[PDB]
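Reading through the structure tokens given below for one structure.
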Amino acid sequence: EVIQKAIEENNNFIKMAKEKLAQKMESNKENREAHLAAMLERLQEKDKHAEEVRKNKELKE
Amino acid sequence: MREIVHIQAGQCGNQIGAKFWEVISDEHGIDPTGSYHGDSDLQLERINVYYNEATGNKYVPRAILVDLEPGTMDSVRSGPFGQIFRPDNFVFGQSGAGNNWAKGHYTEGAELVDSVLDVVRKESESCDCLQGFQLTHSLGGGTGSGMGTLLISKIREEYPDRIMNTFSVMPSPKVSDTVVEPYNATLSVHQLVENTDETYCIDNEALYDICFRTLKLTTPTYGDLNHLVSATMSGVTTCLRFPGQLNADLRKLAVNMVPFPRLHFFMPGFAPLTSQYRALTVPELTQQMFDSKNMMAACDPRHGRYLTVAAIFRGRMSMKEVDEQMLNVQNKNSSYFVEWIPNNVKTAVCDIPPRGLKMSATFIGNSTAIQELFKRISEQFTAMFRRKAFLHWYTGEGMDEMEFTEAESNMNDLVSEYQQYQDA
Ligand SMILES: Nc1nc2c(ncn2[C@@H]2O[C@H](COP(=O)(O)OP(=O)(O)O)[C@@H](O)[C@H]2O)c(=O)[nH]1
Ligand SMILES: COc1ccc(-c2[nH]nc3c2-c2cc(OC)c(OC)c(OC)c2CC3)cc1
Ligand SMILES: [Ca+2]
Ligand SMILES: [Mg+2]
């Protein structure tokens, strides 16, 4: 019982490590790209704005 | 023809085992090559008890060298008599047990134990009539302590009606490898109480003091300590190795030394303590060997009572004088022997002394003051275990706290069992 417990706890420690690592890389890639998603979408309301100002300038005559 | 299988286990086990075999191979006329070159033939009458017969009938010890690292064992076999040991009888792993009882008993030792029992089986199958096993080991390390008591658990299983007999070195803070020693040793003692018939308690505290106070060695080495042990061990076993009116075997010895099966831890003593040109006179032999300063276990015999005693004198001397002096020490000090075991002191004499000493006397005492040793180890244990300190080294190998309190318990009981017979 003792040696199969030393084995079981070494394995559960590897297990949880393996998982805590995988779960954090997934939360990180998500969070990082959401911030790049958020950053680019910000820049594109600037692109869409840079035209409503240019198109507005044609609406004169 | 009553052989013993000797097993030395661990660092301390195999270092002490090593000197014991050179000490007594000198006593039996065997050279470092295993060849007999002695004068007498009393050197060869009980030879079969410790040595198997060989090539052109050389003598190989009936010894099994066990460790979980090779370091000590390479050292043994490259040492003096290291050639006499049967190379097949060198059983060793590689990882070591890290001064960790659990590694010796449950994980690392568990992996190696089967290979050892293969050697014990081939050593013991070659025995017209095997009588028992003697194990040498410390109890504060990992291999000799944890694996050694595992080996005893197993040998008892395969050989339940043989005598199991150990020489066990107790840790002491004065001479300590690591801080976990009281743990390793409390766990070994729980085993020894159940699975041995006799254990000689060699305390490393007492060996240090004898070396410092008595032998005047300012800073003793382990070799200086094992000098005292290989002399006591030669002493304790001279009846098994030499013929006498005493037909001494392990079972008769245990029958008369052990009144209660758990109370089988003996206080060895030796005299004279040497590291010398006037042989001691018999009156001094017997005064010295009963002096607390000549005990190997670091308990005061005047703090308890002798359940039983076995003394042996080596040399040619007045057989009547040892009778007289032995009988006289009992009445100078009858307050310290139990009234309810008549004739509890027994004395042998051997005409062949140890190397270098013309007259020597070795003492084996089943005293209730051995309780001091377990009280000592128990205080240390509790001191750490109340704060569960250093336990992770063990829970990391499967052990549970519960196994520890059980071992604390069984040893505190053994201390109670010893106190109750000090009062009778
Ligand atoms: N008397 C004596 N004690 C020793 C010797 N070597 C180690 N010890 C003691 O043994 C205990 C450590 O166990 P050790 O034999 O080194 O570890 P193991 O190899 O895992 O069995 C400590 O209490 C040391 O004081 C030795 O040669 N002689
Ligand atoms: C307390 O009363 C008794 C004690 C021992 C015996 C006995 N019976 N048979 C033997 C022994 C015996 C005694 C030994 O010491 C005298 C002895 O030497 C260490 C010794 O050598 C190991 C032995 C083994 C041979 C009998 C009564
Ligand atoms: Ca291993
Ligand atoms: Mg060591």
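Following the order of the structure tokens, chains are lettered A, B, ..., residues in each are numbered from 1, and ligands are numbered from 1.
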Within 6 Å of residue 84 in chain B, counting only C-alpha atoms, which residues qualify if same-chain residues fewer than 5 places away don't, as a count of residues only? 3
Would you mind listing, as a list in words, all residues of chain A that have at least one atom within 7 Å of chain B, where only C-alpha atoms are what counts? residues 2, 3, 5 and 6 of chain A
N, CA and C atoms of the current selection, written as an mmCIF file, in the first residue's frame:
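Ended up saving to part-v5.cif:
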data_model
loop_
_atom_site.group_PDB
_atom_site.id
_atom_site.type_symbol
_atom_site.label_atom_id
_atom_site.label_comp_id
_atom_site.auth_asym_id
_atom_site.auth_seq_id
_atom_site.Cartn_x
_atom_site.Cartn_y
_atom_site.Cartn_z
ATOM 1 N N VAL A 2 1.982 1.232 0.727
ATOM 2 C CA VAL A 2 2.818 2.423 0.849
ATOM 3 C C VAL A 2 3.492 2.737 -0.485
ATOM 4 N N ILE A 3 4.087 1.737 -1.130
ATOM 5 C CA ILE A 3 4.789 2.057 -2.363
ATOM 6 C C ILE A 3 3.812 2.440 -3.467
ATOM 7 N N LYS A 5 1.216 4.122 -2.909
ATOM 8 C CA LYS A 5 0.821 5.487 -2.589
ATOM 9 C C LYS A 5 1.905 6.491 -2.993
ATOM 10 N N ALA A 6 3.167 6.206 -2.682
ATOM 11 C CA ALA A 6 4.243 7.041 -3.198
ATOM 12 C C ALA A 6 4.131 7.206 -4.714
#
As a short mmCIF file (atom, residue, chain, number, x, y, z; two decimals) with N, CA and C atoms, in the first residue's frame, please: every protein or nucleic acid residue near ligand 2 (cut-off 8 Å, counting only C-alpha atoms and all ligand atoms).
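Output (result_30.cif):
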data_model
loop_
_atom_site.label_atom_id
_atom_site.label_comp_id
_atom_site.auth_asym_id
_atom_site.auth_seq_id
_atom_site.Cartn_x
_atom_site.Cartn_y
_atom_site.Cartn_z
N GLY B 235 33.99 -10.62 21.35
CA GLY B 235 33.68 -11.03 22.71
C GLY B 235 32.35 -11.73 22.85
N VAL B 236 31.28 -11.05 22.43
CA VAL B 236 29.92 -11.58 22.57
C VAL B 236 29.78 -12.94 21.90
N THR B 237 30.54 -13.19 20.84
CA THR B 237 30.35 -14.41 20.06
C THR B 237 31.41 -15.47 20.30
N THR B 238 32.34 -15.29 21.25
CA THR B 238 33.40 -16.29 21.38
C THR B 238 32.85 -17.66 21.74
N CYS B 239 31.73 -17.72 22.46
CA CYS B 239 31.16 -19.03 22.77
C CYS B 239 30.67 -19.74 21.51
N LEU B 240 30.17 -18.98 20.53
CA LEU B 240 29.70 -19.61 19.30
C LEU B 240 30.86 -20.05 18.41
N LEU B 246 30.33 -25.04 27.82
CA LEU B 246 29.16 -24.43 27.21
C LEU B 246 28.99 -24.92 25.78
N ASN B 247 27.84 -25.53 25.51
CA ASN B 247 27.39 -25.83 24.15
C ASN B 247 26.49 -24.67 23.73
N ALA B 248 27.12 -23.57 23.31
CA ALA B 248 26.39 -22.31 23.15
C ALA B 248 25.91 -22.14 21.71
N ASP B 249 24.59 -22.00 21.58
CA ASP B 249 23.91 -21.67 20.35
C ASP B 249 22.93 -20.54 20.63
N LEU B 250 22.40 -19.98 19.55
CA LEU B 250 21.62 -18.77 19.69
C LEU B 250 20.35 -19.02 20.47
N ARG B 251 19.75 -20.21 20.30
CA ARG B 251 18.45 -20.48 20.91
C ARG B 251 18.57 -20.68 22.41
N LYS B 252 19.57 -21.45 22.85
CA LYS B 252 19.83 -21.59 24.27
C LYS B 252 20.18 -20.24 24.89
N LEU B 253 20.96 -19.43 24.17
CA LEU B 253 21.29 -18.11 24.68
C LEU B 253 20.02 -17.29 24.89
N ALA B 254 19.14 -17.26 23.88
CA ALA B 254 17.93 -16.45 24.00
C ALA B 254 17.01 -17.00 25.07
N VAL B 255 16.95 -18.33 25.20
CA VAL B 255 16.08 -18.94 26.20
C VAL B 255 16.43 -18.45 27.60
N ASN B 256 17.72 -18.30 27.88
CA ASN B 256 18.13 -17.94 29.23
C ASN B 256 18.29 -16.45 29.42
N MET B 257 18.48 -15.70 28.34
CA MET B 257 18.59 -14.26 28.48
C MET B 257 17.24 -13.56 28.49
N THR B 308 18.80 -10.59 33.61
CA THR B 308 19.69 -11.71 33.32
C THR B 308 21.01 -11.12 32.86
N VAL B 309 22.08 -11.90 33.03
CA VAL B 309 23.44 -11.49 32.69
C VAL B 309 24.18 -12.71 32.14
N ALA B 310 25.02 -12.49 31.12
CA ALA B 310 25.93 -13.51 30.59
C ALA B 310 27.32 -12.90 30.38
N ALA B 311 28.32 -13.41 31.11
CA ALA B 311 29.70 -12.93 31.07
C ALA B 311 30.61 -14.01 30.49
N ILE B 312 31.66 -13.61 29.76
CA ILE B 312 32.69 -14.58 29.36
C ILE B 312 34.07 -13.97 29.48
N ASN B 343 19.66 -17.20 40.17
CA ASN B 343 20.83 -17.60 39.43
C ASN B 343 20.85 -16.96 38.05
N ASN B 344 20.50 -15.68 38.00
CA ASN B 344 20.32 -15.05 36.70
C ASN B 344 21.63 -14.63 36.04
N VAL B 345 22.78 -14.86 36.67
CA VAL B 345 24.09 -14.53 36.11
C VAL B 345 24.83 -15.81 35.76
N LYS B 346 25.28 -15.90 34.51
CA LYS B 346 25.97 -17.07 34.00
C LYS B 346 27.27 -16.65 33.33
N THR B 347 28.30 -17.46 33.54
CA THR B 347 29.68 -17.10 33.25
C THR B 347 30.34 -18.23 32.50
N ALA B 348 31.03 -17.90 31.42
CA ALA B 348 31.81 -18.86 30.66
C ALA B 348 33.24 -18.38 30.64
N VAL B 349 34.15 -19.27 30.27
CA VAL B 349 35.56 -18.91 30.12
C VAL B 349 36.09 -19.63 28.88
N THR B 362 34.11 -10.06 28.36
CA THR B 362 32.96 -9.45 27.69
C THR B 362 31.67 -9.78 28.43
N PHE B 363 30.79 -8.78 28.53
CA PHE B 363 29.60 -8.78 29.37
C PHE B 363 28.36 -8.53 28.50
N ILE B 364 27.27 -9.24 28.79
CA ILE B 364 25.99 -9.12 28.08
C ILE B 364 24.89 -8.97 29.13
#
May I have the residues within 9 Å of ligand 4, computed using only C-alpha atoms and all ligand atoms, as a ChimeraX atom specification? /B:10-12,98-99,140-142,176-178
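Shortest separation to ligand 1 among B:299, B:155, B:49, B:228 occurs at residue B:228, atoms counted being only C-alpha atoms and all ligand atoms.
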Hey, which residues sit close to ligand 1? Say within 8 Å, counting only C-alpha atoms and all ligand atoms, and write them as a PDB file with N, CA, C and O atoms, in the first residue's frame.
ATOM      1  N   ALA B   9      24.362  -4.657   6.674  1.00  0.00           N
ATOM      2  CA  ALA B   9      23.427  -3.870   5.882  1.00  0.00           C
ATOM      3  C   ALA B   9      23.691  -2.395   6.132  1.00  0.00           C
ATOM      4  O   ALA B   9      23.610  -1.933   7.278  1.00  0.00           O
ATOM      5  N   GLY B  10      23.986  -1.658   5.069  1.00  0.00           N
ATOM      6  CA  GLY B  10      24.119  -0.225   5.158  1.00  0.00           C
ATOM      7  C   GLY B  10      25.558   0.177   5.378  1.00  0.00           C
ATOM      8  O   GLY B  10      26.489  -0.638   5.354  1.00  0.00           O
ATOM      9  N   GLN B  11      25.739   1.483   5.586  1.00  0.00           N
ATOM     10  CA  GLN B  11      27.087   2.002   5.772  1.00  0.00           C
ATOM     11  C   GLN B  11      27.674   1.479   7.065  1.00  0.00           C
ATOM     12  O   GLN B  11      28.669   0.734   7.055  1.00  0.00           O
ATOM     13  N   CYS B  12      27.045   1.849   8.191  1.00  0.00           N
ATOM     14  CA  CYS B  12      27.478   1.372   9.500  1.00  0.00           C
ATOM     15  C   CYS B  12      27.493  -0.154   9.576  1.00  0.00           C
ATOM     16  O   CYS B  12      28.416  -0.745  10.151  1.00  0.00           O
ATOM     17  N   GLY B  13      26.480  -0.808   9.008  1.00  0.00           N
ATOM     18  CA  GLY B  13      26.439  -2.253   9.059  1.00  0.00           C
ATOM     19  C   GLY B  13      27.683  -2.867   8.465  1.00  0.00           C
ATOM     20  O   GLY B  13      28.354  -3.678   9.101  1.00  0.00           O
ATOM     21  N   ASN B  14      28.029  -2.462   7.249  1.00  0.00           N
ATOM     22  CA  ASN B  14      29.116  -3.114   6.538  1.00  0.00           C
ATOM     23  C   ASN B  14      30.484  -2.656   6.998  1.00  0.00           C
ATOM     24  O   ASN B  14      31.461  -3.377   6.782  1.00  0.00           O
ATOM     25  N   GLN B  15      30.584  -1.475   7.606  1.00  0.00           N
ATOM     26  CA  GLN B  15      31.859  -1.077   8.180  1.00  0.00           C
ATOM     27  C   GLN B  15      32.142  -1.882   9.439  1.00  0.00           C
ATOM     28  O   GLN B  15      33.241  -2.430   9.607  1.00  0.00           O
ATOM     29  N   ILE B  16      31.131  -2.048  10.291  1.00  0.00           N
ATOM     30  CA  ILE B  16      31.323  -2.860  11.484  1.00  0.00           C
ATOM     31  C   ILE B  16      31.416  -4.333  11.114  1.00  0.00           C
ATOM     32  O   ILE B  16      32.303  -5.053  11.582  1.00  0.00           O
ATOM     33  N   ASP B  67      23.785  -3.293   0.599  1.00  0.00           N
ATOM     34  CA  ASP B  67      23.661  -1.841   0.659  1.00  0.00           C
ATOM     35  C   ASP B  67      22.827  -1.364  -0.526  1.00  0.00           C
ATOM     36  O   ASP B  67      22.562  -2.113  -1.464  1.00  0.00           O
ATOM     37  N   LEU B  68      22.382  -0.120  -0.457  1.00  0.00           N
ATOM     38  CA  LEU B  68      21.609   0.487  -1.526  1.00  0.00           C
ATOM     39  C   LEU B  68      22.452   1.463  -2.334  1.00  0.00           C
ATOM     40  O   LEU B  68      21.951   2.081  -3.280  1.00  0.00           O
ATOM     41  N   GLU B  69      23.710   1.632  -1.949  1.00  0.00           N
ATOM     42  CA  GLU B  69      24.761   2.286  -2.705  1.00  0.00           C
ATOM     43  C   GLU B  69      25.945   1.347  -2.704  1.00  0.00           C
ATOM     44  O   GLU B  69      26.074   0.506  -1.810  1.00  0.00           O
ATOM     45  N   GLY B  96      20.843   4.514  -3.252  1.00  0.00           N
ATOM     46  CA  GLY B  96      20.929   4.875  -1.849  1.00  0.00           C
ATOM     47  C   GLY B  96      19.572   5.090  -1.212  1.00  0.00           C
ATOM     48  O   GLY B  96      18.551   5.122  -1.902  1.00  0.00           O
ATOM     49  N   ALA B  97      19.538   5.227   0.107  1.00  0.00           N
ATOM     50  CA  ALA B  97      18.287   5.425   0.821  1.00  0.00           C
ATOM     51  C   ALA B  97      18.270   6.738   1.582  1.00  0.00           C
ATOM     52  O   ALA B  97      17.392   6.939   2.434  1.00  0.00           O
ATOM     53  N   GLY B  98      19.238   7.610   1.338  1.00  0.00           N
ATOM     54  CA  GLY B  98      19.099   8.991   1.765  1.00  0.00           C
ATOM     55  C   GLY B  98      18.833   9.167   3.239  1.00  0.00           C
ATOM     56  O   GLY B  98      18.114  10.096   3.631  1.00  0.00           O
ATOM     57  N   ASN B  99      19.398   8.293   4.077  1.00  0.00           N
ATOM     58  CA  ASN B  99      19.163   8.389   5.516  1.00  0.00           C
ATOM     59  C   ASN B  99      17.668   8.362   5.848  1.00  0.00           C
ATOM     60  O   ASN B  99      17.204   9.007   6.801  1.00  0.00           O
ATOM     61  N   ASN B 100      16.894   7.608   5.069  1.00  0.00           N
ATOM     62  CA  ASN B 100      15.440   7.686   5.099  1.00  0.00           C
ATOM     63  C   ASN B 100      14.886   6.288   5.289  1.00  0.00           C
ATOM     64  O   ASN B 100      14.922   5.487   4.347  1.00  0.00           O
ATOM     65  N   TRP B 101      14.339   6.019   6.488  1.00  0.00           N
ATOM     66  CA  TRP B 101      13.802   4.695   6.822  1.00  0.00           C
ATOM     67  C   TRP B 101      12.864   4.195   5.733  1.00  0.00           C
ATOM     68  O   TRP B 101      13.000   3.058   5.255  1.00  0.00           O
ATOM     69  N   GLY B 104      14.466   2.776   2.719  1.00  0.00           N
ATOM     70  CA  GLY B 104      15.028   1.463   2.988  1.00  0.00           C
ATOM     71  C   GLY B 104      13.954   0.400   3.112  1.00  0.00           C
ATOM     72  O   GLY B 104      14.127  -0.723   2.636  1.00  0.00           O
ATOM     73  N   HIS B 137      23.902  -3.568  11.692  1.00  0.00           N
ATOM     74  CA  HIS B 137      23.298  -2.398  11.078  1.00  0.00           C
ATOM     75  C   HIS B 137      23.171  -1.244  12.066  1.00  0.00           C
ATOM     76  O   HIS B 137      23.088  -1.463  13.276  1.00  0.00           O
ATOM     77  N   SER B 138      23.147  -0.014  11.573  1.00  0.00           N
ATOM     78  CA  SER B 138      22.725   1.068  12.440  1.00  0.00           C
ATOM     79  C   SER B 138      21.229   1.246  12.283  1.00  0.00           C
ATOM     80  O   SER B 138      20.632   0.759  11.330  1.00  0.00           O
ATOM     81  N   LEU B 139      20.621   1.954  13.228  1.00  0.00           N
ATOM     82  CA  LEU B 139      19.201   2.255  13.156  1.00  0.00           C
ATOM     83  C   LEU B 139      18.892   3.713  12.846  1.00  0.00           C
ATOM     84  O   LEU B 139      17.716   4.087  12.862  1.00  0.00           O
ATOM     85  N   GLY B 140      19.899   4.563  12.628  1.00  0.00           N
ATOM     86  CA  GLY B 140      19.641   5.965  12.339  1.00  0.00           C
ATOM     87  C   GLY B 140      19.735   6.332  10.862  1.00  0.00           C
ATOM     88  O   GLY B 140      19.343   7.431  10.472  1.00  0.00           O
ATOM     89  N   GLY B 141      20.256   5.437  10.029  1.00  0.00           N
ATOM     90  CA  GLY B 141      20.346   5.651   8.595  1.00  0.00           C
ATOM     91  C   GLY B 141      19.109   5.187   7.855  1.00  0.00           C
ATOM     92  O   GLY B 141      18.008   5.107   8.410  1.00  0.00           O
ATOM     93  N   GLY B 142      19.285   4.877   6.576  1.00  0.00           N
ATOM     94  CA  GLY B 142      18.150   4.424   5.810  1.00  0.00           C
ATOM     95  C   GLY B 142      18.282   2.963   5.444  1.00  0.00           C
ATOM     96  O   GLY B 142      17.333   2.189   5.601  1.00  0.00           O
ATOM     97  N   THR B 143      19.458   2.565   4.950  1.00  0.00           N
ATOM     98  CA  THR B 143      19.600   1.212   4.425  1.00  0.00           C
ATOM     99  C   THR B 143      19.612   0.197   5.558  1.00  0.00           C
ATOM    100  O   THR B 143      18.721  -0.654   5.643  1.00  0.00           O
ATOM    101  N   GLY B 144      20.610   0.276   6.452  1.00  0.00           N
ATOM    102  CA  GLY B 144      20.698  -0.691   7.537  1.00  0.00           C
ATOM    103  C   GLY B 144      19.481  -0.664   8.430  1.00  0.00           C
ATOM    104  O   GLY B 144      19.014  -1.712   8.886  1.00  0.00           O
ATOM    105  N   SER B 145      18.922   0.525   8.644  1.00  0.00           N
ATOM    106  CA  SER B 145      17.763   0.711   9.497  1.00  0.00           C
ATOM    107  C   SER B 145      16.470   0.292   8.809  1.00  0.00           C
ATOM    108  O   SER B 145      15.773  -0.604   9.284  1.00  0.00           O
ATOM    109  N   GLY B 146      16.127   0.930   7.684  1.00  0.00           N
ATOM    110  CA  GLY B 146      14.862   0.634   7.012  1.00  0.00           C
ATOM    111  C   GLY B 146      14.879  -0.666   6.231  1.00  0.00           C
ATOM    112  O   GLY B 146      13.977  -1.492   6.356  1.00  0.00           O
ATOM    113  N   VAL B 169      23.240  -0.431  16.100  1.00  0.00           N
ATOM    114  CA  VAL B 169      23.865   0.808  16.548  1.00  0.00           C
ATOM    115  C   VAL B 169      22.806   1.894  16.630  1.00  0.00           C
ATOM    116  O   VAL B 169      22.199   2.238  15.611  1.00  0.00           O
ATOM    117  N   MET B 170      22.597   2.446  17.843  1.00  0.00           N
ATOM    118  CA  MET B 170      21.666   3.537  18.132  1.00  0.00           C
ATOM    119  C   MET B 170      22.307   4.882  17.846  1.00  0.00           C
ATOM    120  O   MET B 170      23.417   5.158  18.321  1.00  0.00           O
ATOM    121  N   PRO B 171      21.538   5.724  17.166  1.00  0.00           N
ATOM    122  CA  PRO B 171      21.959   7.110  16.958  1.00  0.00           C
ATOM    123  C   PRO B 171      22.127   7.832  18.285  1.00  0.00           C
ATOM    124  O   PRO B 171      21.489   7.508  19.284  1.00  0.00           O
ATOM    125  N   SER B 172      22.998   8.828  18.288  1.00  0.00           N
ATOM    126  CA  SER B 172      23.095   9.734  19.406  1.00  0.00           C
ATOM    127  C   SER B 172      23.418  11.113  18.861  1.00  0.00           C
ATOM    128  O   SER B 172      24.249  11.236  17.953  1.00  0.00           O
ATOM    129  N   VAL B 175      27.043  12.014  17.939  1.00  0.00           N
ATOM    130  CA  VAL B 175      27.761  11.352  16.854  1.00  0.00           C
ATOM    131  C   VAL B 175      26.716  11.091  15.776  1.00  0.00           C
ATOM    132  O   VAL B 175      26.343   9.941  15.529  1.00  0.00           O
ATOM    133  N   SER B 176      26.238  12.150  15.120  1.00  0.00           N
ATOM    134  CA  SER B 176      25.025  12.082  14.315  1.00  0.00           C
ATOM    135  C   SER B 176      25.290  12.417  12.855  1.00  0.00           C
ATOM    136  O   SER B 176      25.937  13.423  12.556  1.00  0.00           O
ATOM    137  N   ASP B 177      24.757  11.584  11.949  1.00  0.00           N
ATOM    138  CA  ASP B 177      24.729  11.928  10.528  1.00  0.00           C
ATOM    139  C   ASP B 177      23.672  12.997  10.245  1.00  0.00           C
ATOM    140  O   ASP B 177      23.970  14.044   9.666  1.00  0.00           O
ATOM    141  N   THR B 178      22.427  12.767  10.643  1.00  0.00           N
ATOM    142  CA  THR B 178      21.367  13.690  10.267  1.00  0.00           C
ATOM    143  C   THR B 178      20.401  13.881  11.424  1.00  0.00           C
ATOM    144  O   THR B 178      20.491  13.233  12.463  1.00  0.00           O
ATOM    145  N   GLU B 181      17.438  10.969  12.509  1.00  0.00           N
ATOM    146  CA  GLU B 181      17.829   9.719  13.153  1.00  0.00           C
ATOM    147  C   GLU B 181      16.859   9.209  14.202  1.00  0.00           C
ATOM    148  O   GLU B 181      16.587   8.000  14.200  1.00  0.00           O
ATOM    149  N   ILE B 202      24.211  -1.298  20.751  1.00  0.00           N
ATOM    150  CA  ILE B 202      25.464  -0.567  20.710  1.00  0.00           C
ATOM    151  C   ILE B 202      25.114   0.898  20.523  1.00  0.00           C
ATOM    152  O   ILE B 202      24.645   1.293  19.458  1.00  0.00           O
ATOM    153  N   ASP B 203      25.305   1.704  21.554  1.00  0.00           N
ATOM    154  CA  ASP B 203      24.974   3.117  21.458  1.00  0.00           C
ATOM    155  C   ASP B 203      26.199   3.900  21.017  1.00  0.00           C
ATOM    156  O   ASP B 203      27.292   3.727  21.568  1.00  0.00           O
ATOM    157  N   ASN B 204      25.992   4.803  20.062  1.00  0.00           N
ATOM    158  CA  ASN B 204      27.097   5.594  19.546  1.00  0.00           C
ATOM    159  C   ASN B 204      27.521   6.682  20.526  1.00  0.00           C
ATOM    160  O   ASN B 204      28.675   7.121  20.503  1.00  0.00           O
ATOM    161  N   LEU B 207      30.026   4.720  22.799  1.00  0.00           N
ATOM    162  CA  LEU B 207      31.293   4.448  22.120  1.00  0.00           C
ATOM    163  C   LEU B 207      32.147   5.705  22.027  1.00  0.00           C
ATOM    164  O   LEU B 207      33.384   5.636  22.135  1.00  0.00           O
ATOM    165  N   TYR B 222      35.212   7.120  13.277  1.00  0.00           N
ATOM    166  CA  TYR B 222      34.332   5.959  13.250  1.00  0.00           C
ATOM    167  C   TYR B 222      35.137   4.677  13.389  1.00  0.00           C
ATOM    168  O   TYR B 222      34.667   3.713  14.006  1.00  0.00           O
ATOM    169  N   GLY B 223      36.356   4.646  12.848  1.00  0.00           N
ATOM    170  CA  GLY B 223      37.202   3.474  13.042  1.00  0.00           C
ATOM    171  C   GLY B 223      37.519   3.212  14.504  1.00  0.00           C
ATOM    172  O   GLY B 223      37.581   2.058  14.941  1.00  0.00           O
ATOM    173  N   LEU B 225      35.515   3.996  16.970  1.00  0.00           N
ATOM    174  CA  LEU B 225      34.290   3.438  17.529  1.00  0.00           C
ATOM    175  C   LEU B 225      34.116   1.984  17.116  1.00  0.00           C
ATOM    176  O   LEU B 225      33.735   1.141  17.938  1.00  0.00           O
ATOM    177  N   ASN B 226      34.411   1.660  15.860  1.00  0.00           N
ATOM    178  CA  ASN B 226      34.234   0.283  15.419  1.00  0.00           C
ATOM    179  C   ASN B 226      35.330  -0.632  15.937  1.00  0.00           C
ATOM    180  O   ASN B 226      35.146  -1.853  15.970  1.00  0.00           O
ATOM    181  N   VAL B 229      33.553  -1.887  18.801  1.00  0.00           N
ATOM    182  CA  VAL B 229      32.440  -2.763  18.470  1.00  0.00           C
ATOM    183  C   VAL B 229      32.956  -4.105  17.985  1.00  0.00           C
ATOM    184  O   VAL B 229      32.477  -5.161  18.419  1.00  0.00           O
TER     185      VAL B 229
END
Point-to-point distance in Å for CA of residue 182 in chain B and CA of residue 377 in chain B: 5.5 Å
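The coordinates place CA of residue 328 in chain B at 17.0 Å from CA of residue 305 in chain B.
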Do a neighbour search on range 216-218 of chain B at 9 Å with only C-alpha atoms, toss out local chain neighbours closer than 6 positions, and write the hits as a ChimeraX atom specification. /B:210,224,275
Restricted to N, CA and C atoms, what would the selected residues look like written as an mmCIF file, in the first residue's frame?
data_model
loop_
_atom_site.group_PDB
_atom_site.id
_atom_site.type_symbol
_atom_site.label_atom_id
_atom_site.label_comp_id
_atom_site.auth_asym_id
_atom_site.auth_seq_id
_atom_site.Cartn_x
_atom_site.Cartn_y
_atom_site.Cartn_z
ATOM 1 N N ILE B 210 33.571 6.339 25.797
ATOM 2 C CA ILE B 210 34.680 5.425 26.035
ATOM 3 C C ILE B 210 35.907 5.887 25.245
ATOM 4 N N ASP B 224 37.715 4.278 15.282
ATOM 5 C CA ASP B 224 37.930 4.113 16.712
ATOM 6 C C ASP B 224 36.698 3.546 17.385
ATOM 7 N N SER B 275 42.968 0.602 22.716
ATOM 8 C CA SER B 275 42.930 1.313 21.436
ATOM 9 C C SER B 275 44.152 1.010 20.592
#
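Across the model, the gap from CA of residue 314 in chain B to CA of residue 359 in chain B is 5.6 Å.
Checking B:131, B:111, B:26, B:215 one by one against ligand 3, counting only C-alpha atoms and all ligand atoms, you find the shortest gap at B:111.
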Write out as a list in words which residues come within 6 Å of residue 167 in chain B when counting only C-alpha atoms, dropping same-chain ones fewer than 2 positions away. residues 136, 199 and 200 of chain B
Deliver the residues from the most recent selection as a file, using C-alpha atoms, as a short mmCIF file (atom, residue, chain, number, x, y, z; two decimals), in the first residue's frame.
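So result_32.cif came out as:
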data_model
loop_
_atom_site.label_atom_id
_atom_site.label_comp_id
_atom_site.auth_asym_id
_atom_site.auth_seq_id
_atom_site.Cartn_x
_atom_site.Cartn_y
_atom_site.Cartn_z
CA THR B 136 24.66 -5.86 11.75
CA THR B 199 19.47 -7.41 19.94
CA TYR B 200 22.72 -6.03 21.34
#
Picked from range 219-379 of chain B by DSSP as strand (DSSP E or B), as number ranges by chain: B: 265-271, 295, 306-314, 337, 345-350, 360-367
